[PDB]
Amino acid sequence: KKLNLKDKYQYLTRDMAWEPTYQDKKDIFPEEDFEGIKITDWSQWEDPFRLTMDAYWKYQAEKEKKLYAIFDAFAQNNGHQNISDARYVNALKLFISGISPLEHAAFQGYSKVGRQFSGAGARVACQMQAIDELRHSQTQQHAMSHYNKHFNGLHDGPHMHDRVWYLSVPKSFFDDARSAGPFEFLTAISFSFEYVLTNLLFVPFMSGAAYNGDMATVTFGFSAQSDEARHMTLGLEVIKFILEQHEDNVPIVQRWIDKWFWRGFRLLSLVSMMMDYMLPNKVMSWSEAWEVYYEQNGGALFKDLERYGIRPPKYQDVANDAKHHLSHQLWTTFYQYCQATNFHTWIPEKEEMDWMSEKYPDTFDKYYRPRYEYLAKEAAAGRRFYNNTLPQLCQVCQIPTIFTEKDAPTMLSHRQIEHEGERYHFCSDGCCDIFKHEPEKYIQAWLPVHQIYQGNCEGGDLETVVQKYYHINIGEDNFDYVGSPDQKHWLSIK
């Protein structure tokens, strides 16, 4: 009988594979046993999307031709002049140096994993994801290109991503996933990042663009929607497939959910700060985004996973509670250390602060407003605060240890341990537990503060590290927004 669409698509993908006779299957696919995951039957893989190559090329070429027409029009018409305020471009300096390089890392990681799985069906989904991430990487370089001509801090993204202190947060997140085996890579990136936490990254950046006049970024976001629909479906297929294949997979997957929930939460702390502080026109608060995208949507997903014996991630309560504090703790960290970053910070306008009091009724006026009162009096007196002493970094997530106890918002949630005669420090219980399960991995970390003190950052004094190692142009890319070349150029554009 005539094939239905699902059996037809299988004949055009998985049927091209065969059982080897001349080489051992374990030599052709050597990476899929060492994690403990047991696969019972690859044929139970359900294709998360059914796109043959002809249809992929046709549809993506249509989106691309439209995207590039818009990008050229943006540039030809000096569309950077129509953003809300030059402060907004700081969100893009963060994006190009901390998020774009991840797109490119995902391209390589998915390419490799689209070779490792013995299931032909899983390999094709992974490979289509790989070439989409390549697209995301390159179209972002093209999107930001025109901003790089007119604003500072966008000029050496990949160079800074490997070196700069705060960019070790996204870098080590993705190094952790790509050093892991293939099932953990998929659980980390496809399920945790691309399915569970995706909206917390995507919605703030892309709707921030829409509210702040950035036609290039919003066009890139519209263009990436159909791609992310496939990526979310792969993430959902991945956890269900793995959980159903063998009861022994369930506790392994549980531990990965706990680890990558917690690493993903620490990585997203950078976005909380962006959306609450770096956007002149606000979309929603971090607290509202967390509540909708994780507490509501994620709660329903984790209720779904209960049928497999899965519970919600460990410490998700700590993360739900931190939503009232996160963006304010981080902005204040970046403010005092922006002599050593490739973006500017500033004190929020009085109107932004009243918006903060409303979005954060239980915390902002008590804990955060007085900080800005003090820092502004200091700045007004010609004593704009910069902190010239290096901070303690977490051994796992590598963020400075700036976070506070759930029960006590004024007390740092520092933890420390002894492991084989050496001392290690963490920002929280969540990072402590990750280290304790895999110490051999985390003791390898390239912690930027420690590396500066070892003399591995081509400089002992911090001016030389910032200018010569980081390629941050002192007086141009760093320091307060007020009085910066970006502010002067904006005021003259205007």
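The first residue of the shown sequence is 1; numbering continues from there.
Higher average CA B factor: 239-247, of the stretches 239-247 and 154-162.
As the entry records it, the average C-alpha temperature factor is higher for 76-84, out of 76-84 and 393-401. The residue among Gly430, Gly459, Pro448, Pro439 whose C-alpha carries the highest B-factor in the deposited model is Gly459.
The maximum CA B-factor among the listed residues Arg371, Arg263, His136, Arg307, taken from the PDB record, is found at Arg307. Ranked against the other modelled residues of its chain, the C-alpha B-factor of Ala224 as given in the entry falls in the highest third. Placement of the Cα temperature factor of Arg123 within the chain: lowest third of the modelled residues, per the deposited record.
The deposited CA B-factor of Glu291 belongs to the middle third of values across its chain. When the modelled residues of the chain are ordered by C-alpha B-factor, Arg115 sits in the middle third. Split the chain's modelled residues into thirds by C-alpha temperature factor. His425 is in the lowest one.
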